[PDB]
């Protein structure tokens, strides 16, 4: 749908997101710094969160899932206000 850059930037992210879930420790700031960078509609931005949750569950990263859940909350509220505003 988007450009050659975007399509690919989103692939590079997915990959890096998977490396980031598989790091030791509890610094998930690198993950969000990255998740902010995804290109496209709020749909795909929220698809990137959904995906990261699936990963982090496999590694039982409970805190990280909480924080991903909050992105999901925020991506939802913004979308709810979209219809209200438009």
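Numbering follows the first chain given and starts at 1.
- Residue 37: CA B factor lies in the middle third for its chain, per the PDB record.
- Among the modelled residues of its chain, residue 77 has a C-alpha B-factor that falls in the highest third, as given in the PDB entry.
- Residue-level temperature factors show residue 54 in the lowest third of its chain, judged at the C-alpha atom.
- In the deposited entry, the Cα temperature factor of residue 60 places it in the lowest third of its chain's modelled residues.
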